[PDB]
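Chemist: PDB, C-alpha atoms, saved as model.pdb, coming up:
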ATOM      1  CA  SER A   1      -5.425 -42.177 -46.233
ATOM      2  CA  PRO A   2      -2.247 -40.185 -45.993
ATOM      3  CA  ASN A   3      -0.195 -42.588 -48.148
ATOM      4  CA  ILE A   4       2.603 -40.179 -49.146
ATOM      5  CA  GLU A   5       6.384 -40.635 -49.355
ATOM      6  CA  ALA A   6       8.041 -37.240 -49.875
ATOM      7  CA  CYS A   7      11.708 -38.148 -49.570
ATOM      8  CA  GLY A   8      12.626 -39.535 -46.127
ATOM      9  CA  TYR A   9      15.440 -37.321 -44.813
ATOM     10  CA  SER A  10      15.840 -33.578 -45.190
ATOM     11  CA  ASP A  11      16.354 -31.532 -48.428
ATOM     12  CA  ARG A  12      15.233 -27.876 -48.152
ATOM     13  CA  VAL A  13      14.887 -25.618 -45.147
ATOM     14  CA  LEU A  14      12.387 -23.004 -46.190
ATOM     15  CA  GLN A  15      11.318 -20.607 -43.394
ATOM     16  CA  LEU A  16       7.822 -19.165 -43.046
ATOM     17  CA  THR A  17       8.257 -15.565 -41.796
ATOM     18  CA  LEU A  18       4.774 -14.100 -41.329
ATOM     19  CA  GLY A  19       4.614 -10.749 -39.589
ATOM     20  CA  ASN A  20       6.835 -10.903 -36.517
ATOM     21  CA  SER A  21       7.205 -14.744 -36.514
ATOM     22  CA  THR A  22       9.717 -17.076 -38.256
ATOM     23  CA  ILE A  23       9.336 -20.872 -38.560
ATOM     24  CA  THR A  24      12.044 -22.608 -40.649
ATOM     25  CA  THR A  25       9.784 -25.523 -41.778
ATOM     26  CA  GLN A  26      11.385 -28.931 -42.488
ATOM     27  CA  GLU A  27      10.685 -28.161 -46.159
ATOM     28  CA  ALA A  28       7.399 -26.576 -47.363
ATOM     29  CA  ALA A  29       5.627 -29.211 -49.521
ATOM     30  CA  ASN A  30       3.215 -31.906 -48.241
ATOM     31  CA  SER A  31       0.165 -30.147 -46.721
ATOM     32  CA  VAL A  32      -3.501 -31.087 -46.380
ATOM     33  CA  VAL A  33      -6.314 -28.687 -47.135
ATOM     34  CA  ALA A  34      -9.358 -29.614 -45.027
ATOM     35  CA  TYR A  35     -12.059 -30.673 -47.476
ATOM     36  CA  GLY A  36     -10.298 -28.763 -50.330
ATOM     37  CA  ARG A  37     -11.137 -25.295 -48.992
ATOM     38  CA  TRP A  38      -8.919 -22.354 -48.217
ATOM     39  CA  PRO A  39      -9.842 -19.913 -45.356
ATOM     40  CA  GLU A  40     -11.724 -17.142 -47.154
ATOM     41  CA  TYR A  41     -13.351 -13.884 -46.166
ATOM     42  CA  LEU A  42     -17.081 -13.629 -45.480
ATOM     43  CA  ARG A  43     -18.884 -12.960 -48.750
ATOM     44  CA  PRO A  53     -15.860  -6.195 -41.465
ATOM     45  CA  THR A  54     -12.438  -5.327 -39.958
ATOM     46  CA  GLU A  55      -9.679  -7.493 -41.482
ATOM     47  CA  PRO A  56      -6.502  -7.080 -39.312
ATOM     48  CA  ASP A  57      -4.312  -9.284 -41.543
ATOM     49  CA  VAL A  58      -0.623  -9.654 -40.279
ATOM     50  CA  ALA A  59      -1.656  -7.942 -36.982
ATOM     51  CA  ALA A  60      -3.794 -10.972 -36.181
ATOM     52  CA  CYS A  61      -2.531 -13.209 -39.019
ATOM     53  CA  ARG A  62       0.962 -14.399 -37.819
ATOM     54  CA  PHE A  63       2.467 -17.610 -36.234
ATOM     55  CA  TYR A  64       1.983 -18.290 -32.503
ATOM     56  CA  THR A  65       3.489 -21.293 -30.746
ATOM     57  CA  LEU A  66       1.743 -23.205 -27.986
ATOM     58  CA  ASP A  67       3.480 -25.088 -25.194
ATOM     59  CA  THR A  68       5.634 -28.077 -26.145
ATOM     60  CA  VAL A  69       4.577 -31.443 -24.711
ATOM     61  CA  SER A  70       6.584 -34.606 -24.049
ATOM     62  CA  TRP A  71       5.672 -37.742 -26.102
ATOM     63  CA  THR A  72       6.590 -40.913 -23.984
ATOM     64  CA  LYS A  73       6.182 -44.743 -24.115
ATOM     65  CA  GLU A  74       3.128 -44.255 -21.881
ATOM     66  CA  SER A  75       1.468 -41.287 -23.594
ATOM     67  CA  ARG A  76      -2.173 -41.887 -24.472
ATOM     68  CA  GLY A  77      -2.629 -38.699 -26.498
ATOM     69  CA  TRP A  78      -3.336 -34.992 -26.367
ATOM     70  CA  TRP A  79      -6.094 -32.546 -27.423
ATOM     71  CA  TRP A  80      -6.718 -28.825 -27.816
ATOM     72  CA  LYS A  81      -9.536 -26.508 -28.841
ATOM     73  CA  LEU A  82      -9.723 -23.562 -31.270
ATOM     74  CA  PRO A  83      -9.832 -20.692 -30.926
ATOM     75  CA  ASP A  84      -9.600 -21.646 -27.235
ATOM     76  CA  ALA A  85      -5.852 -22.504 -27.112
ATOM     77  CA  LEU A  86      -4.882 -19.307 -28.900
ATOM     78  CA  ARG A  87      -6.964 -17.243 -26.423
ATOM     79  CA  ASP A  88      -3.730 -16.140 -24.694
ATOM     80  CA  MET A  89      -1.935 -15.029 -27.868
ATOM     81  CA  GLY A  90      -1.120 -11.304 -28.283
ATOM     82  CA  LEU A  91      -3.415  -9.509 -30.736
ATOM     83  CA  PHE A  92      -5.489 -12.672 -31.503
ATOM     84  CA  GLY A  93      -5.995 -13.076 -27.771
ATOM     85  CA  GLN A  94      -7.185  -9.468 -27.535
ATOM     86  CA  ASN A  95      -9.471  -9.319 -30.615
ATOM     87  CA  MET A  96     -11.159 -12.458 -29.219
ATOM     88  CA  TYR A  97     -12.405 -10.688 -26.023
ATOM     89  CA  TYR A  98     -13.036  -7.209 -27.481
ATOM     90  CA  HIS A  99     -15.470  -8.377 -30.152
ATOM     91  CA  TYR A 100     -18.906 -10.141 -30.009
ATOM     92  CA  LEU A 101     -18.193 -11.776 -33.360
ATOM     93  CA  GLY A 102     -15.253 -13.544 -34.993
ATOM     94  CA  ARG A 103     -14.511 -16.175 -37.575
ATOM     95  CA  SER A 104     -11.044 -17.543 -38.354
ATOM     96  CA  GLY A 105      -9.075 -20.163 -40.258
ATOM     97  CA  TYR A 106      -6.130 -22.184 -38.881
ATOM     98  CA  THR A 107      -2.816 -23.357 -40.207
ATOM     99  CA  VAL A 108      -2.042 -26.090 -37.679
ATOM    100  CA  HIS A 109       1.586 -26.839 -38.309
ATOM    101  CA  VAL A 110       2.576 -29.715 -35.972
ATOM    102  CA  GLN A 111       6.266 -30.526 -35.851
ATOM    103  CA  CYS A 112       8.029 -33.518 -34.318
ATOM    104  CA  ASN A 113      11.687 -34.270 -34.566
ATOM    105  CA  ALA A 114      13.494 -37.535 -33.756
ATOM    106  CA  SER A 115      16.452 -39.447 -35.141
ATOM    107  CA  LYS A 116      16.841 -42.194 -37.696
ATOM    108  CA  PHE A 117      16.836 -44.367 -34.530
ATOM    109  CA  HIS A 118      13.347 -43.624 -33.081
ATOM    110  CA  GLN A 119      10.174 -45.297 -34.273
ATOM    111  CA  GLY A 120       6.445 -44.612 -33.982
ATOM    112  CA  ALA A 121       3.414 -42.854 -35.516
ATOM    113  CA  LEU A 122       1.387 -39.727 -34.726
ATOM    114  CA  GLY A 123      -1.950 -39.000 -36.287
ATOM    115  CA  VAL A 124      -2.981 -35.390 -36.035
ATOM    116  CA  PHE A 125      -6.804 -35.368 -36.173
ATOM    117  CA  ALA A 126      -8.745 -32.183 -36.596
ATOM    118  CA  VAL A 127     -12.300 -32.864 -35.505
ATOM    119  CA  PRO A 128     -14.773 -30.134 -36.391
ATOM    120  CA  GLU A 129     -17.098 -29.549 -33.455
ATOM    121  CA  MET A 130     -15.214 -32.014 -31.209
ATOM    122  CA  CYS A 131     -17.358 -32.420 -28.080
ATOM    123  CA  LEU A 132     -15.726 -34.679 -25.492
ATOM    124  CA  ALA A 133     -16.874 -37.921 -23.806
ATOM    125  CA  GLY A 134     -19.806 -37.976 -21.403
ATOM    126  CA  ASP A 135     -22.494 -40.344 -22.757
ATOM    127  CA  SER A 136     -25.431 -38.071 -21.667
ATOM    128  CA  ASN A 137     -27.019 -37.555 -25.127
ATOM    129  CA  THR A 138     -29.953 -35.832 -23.396
ATOM    130  CA  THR A 139     -27.655 -33.335 -21.646
ATOM    131  CA  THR A 140     -24.359 -32.862 -23.576
ATOM    132  CA  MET A 141     -21.857 -29.903 -22.947
ATOM    133  CA  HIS A 142     -22.046 -30.993 -19.239
ATOM    134  CA  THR A 143     -18.402 -30.549 -18.138
ATOM    135  CA  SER A 144     -17.760 -26.943 -16.946
ATOM    136  CA  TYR A 145     -16.647 -24.112 -19.220
ATOM    137  CA  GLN A 146     -13.187 -24.144 -17.596
ATOM    138  CA  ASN A 147     -12.589 -27.926 -17.928
ATOM    139  CA  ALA A 148     -13.828 -27.912 -21.528
ATOM    140  CA  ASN A 149     -11.367 -25.045 -22.135
ATOM    141  CA  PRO A 150      -7.849 -26.086 -20.933
ATOM    142  CA  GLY A 151      -6.211 -23.160 -22.844
ATOM    143  CA  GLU A 152      -2.689 -23.394 -24.271
ATOM    144  CA  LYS A 153      -1.502 -26.173 -21.911
ATOM    145  CA  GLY A 154      -4.234 -28.497 -23.257
ATOM    146  CA  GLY A 155      -5.880 -31.793 -22.289
ATOM    147  CA  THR A 156      -4.901 -35.469 -22.563
ATOM    148  CA  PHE A 157      -6.470 -38.817 -23.655
ATOM    149  CA  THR A 158      -6.696 -41.878 -21.403
ATOM    150  CA  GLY A 159      -6.448 -45.672 -21.677
ATOM    151  CA  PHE A 174     -13.707 -34.620 -18.406
ATOM    152  CA  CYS A 175     -12.442 -38.055 -19.635
ATOM    153  CA  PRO A 176     -11.666 -38.719 -23.357
ATOM    154  CA  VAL A 177     -11.061 -42.450 -24.137
ATOM    155  CA  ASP A 178      -8.444 -42.922 -26.831
ATOM    156  CA  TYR A 179      -9.948 -45.837 -28.859
ATOM    157  CA  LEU A 180     -13.272 -44.019 -28.587
ATOM    158  CA  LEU A 181     -11.504 -40.838 -29.854
ATOM    159  CA  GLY A 182     -12.843 -39.355 -26.610
ATOM    160  CA  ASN A 183     -16.407 -39.209 -27.935
ATOM    161  CA  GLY A 184     -17.823 -42.802 -28.146
ATOM    162  CA  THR A 185     -16.809 -43.755 -31.728
ATOM    163  CA  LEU A 186     -14.046 -46.289 -32.664
ATOM    164  CA  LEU A 187     -10.704 -44.598 -33.338
ATOM    165  CA  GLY A 188     -10.261 -46.525 -36.570
ATOM    166  CA  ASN A 189     -12.946 -44.442 -38.209
ATOM    167  CA  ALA A 190     -11.312 -41.170 -37.068
ATOM    168  CA  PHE A 191      -9.823 -41.170 -40.565
ATOM    169  CA  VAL A 192     -12.977 -39.419 -41.831
ATOM    170  CA  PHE A 193     -11.836 -36.103 -40.381
ATOM    171  CA  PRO A 194      -8.976 -34.192 -42.090
ATOM    172  CA  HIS A 195      -5.611 -35.633 -40.963
ATOM    173  CA  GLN A 196      -1.993 -36.571 -41.643
ATOM    174  CA  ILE A 197       0.215 -39.210 -40.061
ATOM    175  CA  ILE A 198       3.588 -38.044 -38.738
ATOM    176  CA  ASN A 199       5.300 -41.389 -39.288
ATOM    177  CA  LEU A 200       8.771 -41.171 -37.782
ATOM    178  CA  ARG A 201      10.528 -43.013 -40.626
ATOM    179  CA  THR A 202       9.172 -40.521 -43.197
ATOM    180  CA  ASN A 203       7.644 -37.110 -42.239
ATOM    181  CA  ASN A 204       8.769 -34.822 -39.466
ATOM    182  CA  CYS A 205       6.043 -32.191 -40.064
ATOM    183  CA  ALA A 206       2.251 -32.064 -40.324
ATOM    184  CA  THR A 207       0.441 -29.194 -42.087
ATOM    185  CA  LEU A 208      -3.325 -28.819 -41.675
ATOM    186  CA  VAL A 209      -5.181 -25.842 -43.046
ATOM    187  CA  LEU A 210      -8.612 -25.820 -41.410
ATOM    188  CA  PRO A 211     -11.190 -23.391 -42.823
ATOM    189  CA  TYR A 212     -13.916 -21.956 -40.593
ATOM    190  CA  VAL A 213     -16.594 -24.584 -39.940
ATOM    191  CA  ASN A 214     -19.755 -23.784 -37.943
ATOM    192  CA  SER A 215     -23.509 -23.601 -38.349
ATOM    193  CA  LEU A 216     -23.277 -19.780 -38.777
ATOM    194  CA  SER A 217     -21.603 -17.266 -41.071
ATOM    195  CA  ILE A 218     -19.837 -15.751 -38.059
ATOM    196  CA  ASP A 219     -20.301 -16.400 -34.313
ATOM    197  CA  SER A 220     -18.897 -15.718 -30.821
ATOM    198  CA  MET A 221     -15.480 -17.266 -30.272
ATOM    199  CA  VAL A 222     -15.410 -17.139 -26.481
ATOM    200  CA  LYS A 223     -18.318 -19.637 -26.157
ATOM    201  CA  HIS A 224     -18.207 -21.893 -29.261
ATOM    202  CA  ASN A 225     -15.267 -24.135 -30.256
ATOM    203  CA  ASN A 226     -14.885 -24.566 -34.008
ATOM    204  CA  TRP A 227     -12.180 -27.232 -34.448
ATOM    205  CA  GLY A 228     -10.307 -29.598 -32.160
ATOM    206  CA  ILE A 229      -6.739 -30.750 -32.676
ATOM    207  CA  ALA A 230      -6.289 -34.273 -31.305
ATOM    208  CA  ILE A 231      -2.936 -36.060 -31.637
ATOM    209  CA  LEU A 232      -3.035 -39.690 -30.532
ATOM    210  CA  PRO A 233      -0.334 -42.351 -30.956
ATOM    211  CA  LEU A 234      -1.054 -44.958 -33.657
ATOM    212  CA  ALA A 235       2.292 -46.744 -33.091
ATOM    213  CA  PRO A 236       4.189 -46.869 -29.744
ATOM    214  CA  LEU A 237       7.535 -45.079 -29.197
ATOM    215  CA  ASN A 238      10.622 -47.230 -29.280
ATOM    216  CA  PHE A 239      14.094 -45.829 -28.845
ATOM    217  CA  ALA A 240      17.369 -47.538 -29.737
ATOM    218  CA  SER A 241      18.983 -49.050 -26.621
ATOM    219  CA  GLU A 242      19.581 -45.980 -24.553
ATOM    220  CA  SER A 243      18.880 -42.568 -26.145
ATOM    221  CA  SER A 244      16.442 -39.743 -25.436
ATOM    222  CA  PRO A 245      13.738 -41.165 -23.073
ATOM    223  CA  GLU A 246      11.161 -38.972 -24.716
ATOM    224  CA  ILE A 247      10.724 -36.759 -27.798
ATOM    225  CA  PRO A 248       9.022 -33.388 -27.993
ATOM    226  CA  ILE A 249       6.066 -32.452 -30.233
ATOM    227  CA  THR A 250       5.307 -28.799 -31.041
ATOM    228  CA  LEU A 251       2.098 -27.144 -32.258
ATOM    229  CA  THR A 252       2.331 -23.886 -34.133
ATOM    230  CA  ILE A 253      -1.089 -22.420 -34.972
ATOM    231  CA  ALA A 254      -1.958 -19.370 -37.056
ATOM    232  CA  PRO A 255      -5.156 -17.397 -37.634
ATOM    233  CA  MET A 256      -6.081 -17.155 -41.325
ATOM    234  CA  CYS A 257      -8.209 -14.536 -43.122
ATOM    235  CA  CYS A 258      -9.882 -13.385 -39.880
ATOM    236  CA  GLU A 259     -12.443 -10.629 -39.209
ATOM    237  CA  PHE A 260     -14.259  -9.300 -36.101
ATOM    238  CA  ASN A 261     -17.228  -6.901 -35.570
ATOM    239  CA  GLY A 262     -17.301  -4.468 -33.777
ATOM    240  CA  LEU A 263     -15.103  -2.871 -31.101
ATOM    241  CA  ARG A 264     -16.929  -2.429 -27.837
ATOM    242  CA  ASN A 265     -15.796   0.005 -25.127
ATOM    243  CA  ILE A 266     -12.300  -1.475 -25.725
ATOM    244  CA  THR A 267     -12.995  -2.548 -22.175
ATOM    245  CA  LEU A 268      -9.328  -2.636 -21.184
ATOM    246  CA  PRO A 269      -8.852  -5.351 -18.530
TER     247      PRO A 269
ATOM    248  CA  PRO B  57      10.544  -1.272 -37.746
ATOM    249  CA  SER B  58      10.732  -4.639 -35.929
ATOM    250  CA  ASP B  59      12.379  -7.074 -38.320
ATOM    251  CA  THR B  60      14.868  -9.954 -38.362
ATOM    252  CA  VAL B  61      14.839 -11.558 -41.820
ATOM    253  CA  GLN B  62      18.407 -12.328 -42.839
ATOM    254  CA  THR B  63      18.968  -9.811 -45.674
ATOM    255  CA  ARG B  64      22.421  -8.360 -46.236
ATOM    256  CA  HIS B  65      21.905  -5.916 -43.474
ATOM    257  CA  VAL B  66      19.183  -3.342 -44.202
ATOM    258  CA  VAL B  67      20.002   0.018 -45.786
ATOM    259  CA  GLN B  68      23.016   1.844 -47.248
ATOM    260  CA  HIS B  69      25.713   4.004 -45.685
ATOM    261  CA  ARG B  70      24.846   6.809 -43.227
ATOM    262  CA  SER B  71      27.839   9.158 -43.161
ATOM    263  CA  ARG B  72      31.150   7.730 -41.887
ATOM    264  CA  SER B  73      33.753  10.381 -42.832
ATOM    265  CA  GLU B  74      35.154  11.177 -39.373
ATOM    266  CA  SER B  75      35.853   7.494 -38.838
ATOM    267  CA  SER B  76      38.033   6.959 -41.917
ATOM    268  CA  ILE B  77      41.765   6.076 -41.768
ATOM    269  CA  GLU B  78      43.150   9.529 -42.599
ATOM    270  CA  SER B  79      40.766  11.076 -40.084
ATOM    271  CA  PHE B  80      41.504   8.367 -37.494
ATOM    272  CA  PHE B  81      45.194   9.384 -37.290
ATOM    273  CA  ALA B  82      44.844  13.120 -38.272
ATOM    274  CA  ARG B  83      45.616  13.854 -34.600
ATOM    275  CA  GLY B  84      49.174  14.435 -33.505
ATOM    276  CA  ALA B  85      50.059  12.922 -30.119
ATOM    277  CA  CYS B  86      53.039  13.208 -27.759
ATOM    278  CA  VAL B  87      55.862  10.845 -28.665
ATOM    279  CA  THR B  88      58.714  11.829 -26.318
ATOM    280  CA  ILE B  89      60.138  14.515 -24.001
ATOM    281  CA  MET B  90      63.797  15.500 -24.606
ATOM    282  CA  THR B  91      65.739  17.343 -21.914
ATOM    283  CA  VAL B  92      68.667  19.585 -22.793
ATOM    284  CA  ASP B  93      70.235  22.572 -20.954
ATOM    285  CA  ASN B  94      72.824  25.356 -21.206
ATOM    286  CA  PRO B  95      75.108  24.800 -18.216
ATOM    287  CA  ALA B  96      78.119  26.989 -17.411
ATOM    288  CA  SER B  97      79.553  24.085 -15.338
ATOM    289  CA  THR B  98      80.947  20.763 -16.605
ATOM    290  CA  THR B  99      77.886  18.452 -16.309
ATOM    291  CA  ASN B 100      78.784  15.467 -18.560
ATOM    292  CA  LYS B 101      75.469  13.619 -18.176
ATOM    293  CA  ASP B 102      73.101  16.395 -19.228
ATOM    294  CA  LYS B 103      75.945  17.740 -21.396
ATOM    295  CA  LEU B 104      74.150  19.908 -23.898
ATOM    296  CA  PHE B 105      73.095  17.088 -26.273
ATOM    297  CA  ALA B 106      70.076  14.852 -25.837
ATOM    298  CA  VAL B 107      69.720  11.871 -28.122
ATOM    299  CA  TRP B 108      66.449  10.062 -28.852
ATOM    300  CA  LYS B 109      65.696   7.350 -31.403
ATOM    301  CA  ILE B 110      62.573   8.165 -33.450
ATOM    302  CA  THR B 111      60.045   5.571 -32.349
ATOM    303  CA  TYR B 112      56.359   5.525 -31.633
TER     304      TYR B 112
END
Could you render the structure as structure tokens?
Modeler:
Amino acid sequence: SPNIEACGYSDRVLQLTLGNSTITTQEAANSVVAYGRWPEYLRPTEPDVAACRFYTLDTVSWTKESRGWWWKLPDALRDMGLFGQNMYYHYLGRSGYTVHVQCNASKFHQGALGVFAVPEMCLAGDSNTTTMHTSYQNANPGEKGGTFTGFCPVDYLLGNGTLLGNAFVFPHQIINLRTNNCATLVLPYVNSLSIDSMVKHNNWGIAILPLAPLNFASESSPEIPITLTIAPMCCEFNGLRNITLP
Amino acid sequence: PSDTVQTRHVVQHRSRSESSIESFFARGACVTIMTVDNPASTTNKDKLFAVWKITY
């Protein structure tokens, strides 16, 4: 689906400095808007830059054995400064996400990463009658995240009971080592309501699985790191409660 | 406030007159100590004159 061919190497280093953050993106161009919609305001307190700035999660090692990785939103960013706060001090909250996944290697490494953003991504446990099942804490692995396997999400079953090959229905991009180094996914707020409670309900779900294995030239770096930078877009929350300071 | 773009620097001058060249050396410092004397006796070493080459 993502049959693009920007250039191949590197051209232009154009940094995204929003608020306090700074990114220095590989370029800027080549981004996918989920379903063709930009995160908009409810048609409330709009913090903007205060909440709307780049936060970086923990970097994870990609290896010749890796089966995949997964995170939840806003869940992961629950331990992020002002966005971490505003999440616990309000009963409401809707937010967009600029999932900017970067992965650098050399002209000598080969493989392919597919960043899949699954809206309402519940994980594997074939009890249709009683879903949710796995405890609040397991279902929410924070900023460190969870991982796929060959709480148990099977890779070819996308960790939900449906053949991986059809995953390509959800918004995605393929970080193919020989071409792109970056993945840009703007995910607008998707839920059954106009606004809801962030602490309990998980909107999206970033799942990066390997479509091609990792092969490194003779002897080189045994593993390569993948980084996930996420940012809250056009967010609002109602309404401050006894700023119950922890 | 908090900021680390990459601009030139930030703002313009802020008063730097006492740091300028002329003002940096406007102070006179000791350069040497010459020792003469008016002896009545024949002291050929300290003999009236004292010679010093002008050097910082």
Chemist: Near residue 58 (chain B), counting all atoms listed in the file, which residues have an atom at most 12 Å away, once you skip same-chain residues fewer than 4 positions from it, shown as a list in words?
Modeler: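 Everything that qualifies: residues 19, 20 and 21 of chain A; 66 of chain B.
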Chemist: Those residues you just picked out, can you put them in a file as a tab-separated table (two decimals), in the coordinates of the input with C-alpha atoms?
Modeler:
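out04.tsv, written as the output of this step:
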chain	number	residue	atom	x	y	z
A	19	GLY	CA	4.61	-10.75	-39.59
A	20	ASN	CA	6.84	-10.90	-36.52
A	21	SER	CA	7.20	-14.74	-36.51
B	66	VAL	CA	19.18	-3.34	-44.20
Chemist: Give me, as a PyMOL selection string, the contact residues of chain A against chain B at a cut-off of 12 Å, counting all atoms listed in the file.
Modeler: chain A and resi 15-24
Chemist: Write the residues of the selection above to a file with C-alpha atoms, as a compact mmCIF listing (two decimals), keeping the file's coordinate frame.
Modeler:
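Written output follows (result-v3.txt):
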# COMPACT_ATOMS: atom_id res chain seq x y z
CA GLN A 15 11.32 -20.61 -43.39
CA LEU A 16 7.82 -19.16 -43.05
CA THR A 17 8.26 -15.56 -41.80
CA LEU A 18 4.77 -14.10 -41.33
CA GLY A 19 4.61 -10.75 -39.59
CA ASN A 20 6.84 -10.90 -36.52
CA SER A 21 7.20 -14.74 -36.51
CA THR A 22 9.72 -17.08 -38.26
CA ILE A 23 9.34 -20.87 -38.56
CA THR A 24 12.04 -22.61 -40.65
Chemist: Which is closer to residue 214 (chain A) than all the others in A:127, A:14, A:58, A:257, using all atoms listed in the file?
Modeler: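 Distance minimum relative to residue 214 (chain A) lands on A:127.
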Chemist: Evaluate the PyMOL selection byres ((chain A and resi 105) around 7) against this structure - the residues, as an MDAnalysis selection string, please.
Modeler: chainID A and resid 39 104 106 210:212 255:258
Chemist: Expand the PyMOL selection byres ((chain A and resi 265) around 12) into the explicit residue set it covers here, and present it as JSON, numbers by chain.
Modeler: {"A": [97, 98, 99, 100, 262, 263, 264, 266, 267, 268, 269]}
Chemist: Just to confirm, what's the straight-line distance from CA of residue 220 (chain A) to CA of residue 43 (chain A) in Å (one decimal)?
Modeler: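 Between CA of residue 220 (chain A) and CA of residue 43 (chain A) the gap works out to 18.1 Å.
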Chemist: For region 104-108 of chain B, find every residue with an atom within 12 Å (counting only C-alpha atoms), except residues of its own chain fewer than 6 positions away, and show them as a compact mmCIF listing (two decimals) with C-alpha atoms, keeping the file's coordinate frame.
Modeler:
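The new file selection-v9.txt reads:
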# COMPACT_ATOMS: atom_id res chain seq x y z
CA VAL B 87 55.86 10.84 -28.66
CA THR B 88 58.71 11.83 -26.32
CA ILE B 89 60.14 14.52 -24.00
CA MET B 90 63.80 15.50 -24.61
CA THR B 91 65.74 17.34 -21.91
CA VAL B 92 68.67 19.58 -22.79
CA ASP B 93 70.24 22.57 -20.95
CA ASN B 94 72.82 25.36 -21.21
CA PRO B 95 75.11 24.80 -18.22
CA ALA B 96 78.12 26.99 -17.41
CA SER B 97 79.55 24.08 -15.34
CA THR B 98 80.95 20.76 -16.60
Chemist: Starting from the displayed file, determine the output of the PyMOL selection byres ((chain A and resi 147) around 12) and express the residue list as a ChimeraX atom specification.
Modeler: /A:80-81,84,132,141-146,148-151,153-156,174-175
Chemist: For region 134-248 of chain A versus region 115-119 of chain A, which residues have an atom no more than 9 Å away, and what is each residue's nearest atom pair and distance in Å rounded to one decimal, using all atoms listed in the file, chain-then-number order, as CSV?
Modeler:
residue,atom,partner,partner_atom,distance
A:199,CA,A:119,CA,8.0
A:200,CA,A:119,CA,5.6
A:201,CA,A:119,CA,6.8
A:235,CA,A:119,CA,8.1
A:236,CA,A:119,CA,7.7
A:237,CA,A:119,CA,5.7
A:238,CA,A:119,CA,5.4
A:239,CA,A:118,CA,4.8
A:240,CA,A:117,CA,5.8
A:243,CA,A:117,CA,8.8
Chemist: In Å, rounded to a single decimal, give me how far CA of residue 245 (chain A) is from CA of residue 10 (chain A).
Modeler: 23.5 Å
Chemist: Check the smallest atom-to-atom distance from each of A:102, A:184, A:53, A:93 to residue 152 (chain A) using all atoms listed in the file, then report the winner.
Modeler: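 Answer, going by the shortest atom-to-atom distance: A:93.
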Chemist: CA of residue 217 (chain A) and CA of residue 54 (chain A), how far apart in Å?
Modeler: 15.1 Å
Chemist: Measuring atom to atom with only C-alpha atoms, identify which of A:101, A:249, A:177, A:108 is nearest to residue 208 (chain A).
Modeler: A:108
Chemist: Edge lengths and centre, in Å to one decimal, as lines of an AutoDock Vina configuration file: that's what I need for the box along x, y and z that holds all listed atoms of region 153-176 of chain A plus 8 Å on each side.
Modeler:
center_x = -7.6
center_y = -35.9
center_z = -21.0
size_x = 28.2
size_y = 35.5
size_z = 21.2
Chemist: Please work out which residues fall within 9 Å of (-14.9, -26.8, -33.0), coordinates as given in the file, with only C-alpha atoms counting, and return them as a PyMOL selection string.
Modeler: chain A and resi 81-83+126-131+213-214+224-228
Chemist: Using all atoms listed in the file, determine which residues lie at most 8 Å from residue 13 (chain A), disregarding the query and same-chain residues fewer than 6 positions distant; provide the list as a ChimeraX atom specification.
Modeler: /A:24-28
Chemist: Take the point (5.1, -33.2, -38.9) as written in the file and pick out every residue within 7 Å of it, counting all atoms listed in the file; give the list as a list in words.
Modeler: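 The residues that fall inside the cut-off are residues 110, 111, 112, 198, 203, 204, 205, 206 and 207 of chain A.
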Chemist: Can you write out the residues you just picked, keeping C-alpha atoms, as a compact mmCIF listing (two decimals), in the coordinates of the input?
Modeler:
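Output contents, as saved in result.txt:
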# COMPACT_ATOMS: atom_id res chain seq x y z
CA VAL A 110 2.58 -29.72 -35.97
CA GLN A 111 6.27 -30.53 -35.85
CA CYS A 112 8.03 -33.52 -34.32
CA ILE A 198 3.59 -38.04 -38.74
CA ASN A 203 7.64 -37.11 -42.24
CA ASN A 204 8.77 -34.82 -39.47
CA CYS A 205 6.04 -32.19 -40.06
CA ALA A 206 2.25 -32.06 -40.32
CA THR A 207 0.44 -29.19 -42.09
Chemist: Using only C-alpha atoms, which of the listed residues (A:56, A:2, A:233, A:176) sits closest to residue 197 (chain A)?
Modeler: A:2
Chemist: Can you fill out region 207-214 of chain A with N, CA and C atoms and hand it back as a tab-separated table (two decimals), in the frame of the given file?
Modeler:
chain	number	residue	atom	x	y	z
A	207	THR	N	1.04	-30.49	-41.73
A	207	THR	CA	0.44	-29.19	-42.09
A	207	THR	C	-1.05	-29.34	-42.39
A	208	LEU	N	-1.87	-28.77	-41.52
A	208	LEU	CA	-3.32	-28.82	-41.68
A	208	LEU	C	-4.00	-27.46	-41.73
A	209	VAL	N	-4.50	-27.11	-42.90
A	209	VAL	CA	-5.18	-25.84	-43.05
A	209	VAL	C	-6.65	-26.18	-42.83
A	210	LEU	N	-7.22	-25.60	-41.77
A	210	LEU	CA	-8.61	-25.82	-41.41
A	210	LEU	C	-9.44	-24.57	-41.64
A	211	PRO	N	-10.39	-24.60	-42.61
A	211	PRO	CA	-11.19	-23.39	-42.82
A	211	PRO	C	-12.29	-23.33	-41.77
A	212	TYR	N	-12.85	-22.15	-41.57
A	212	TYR	CA	-13.92	-21.96	-40.59
A	212	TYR	C	-15.14	-22.84	-40.81
A	213	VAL	N	-15.44	-23.69	-39.83
A	213	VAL	CA	-16.59	-24.58	-39.94
A	213	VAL	C	-17.48	-24.44	-38.70
A	214	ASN	N	-18.72	-24.01	-38.95
A	214	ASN	CA	-19.76	-23.78	-37.94
A	214	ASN	C	-21.08	-23.58	-38.66
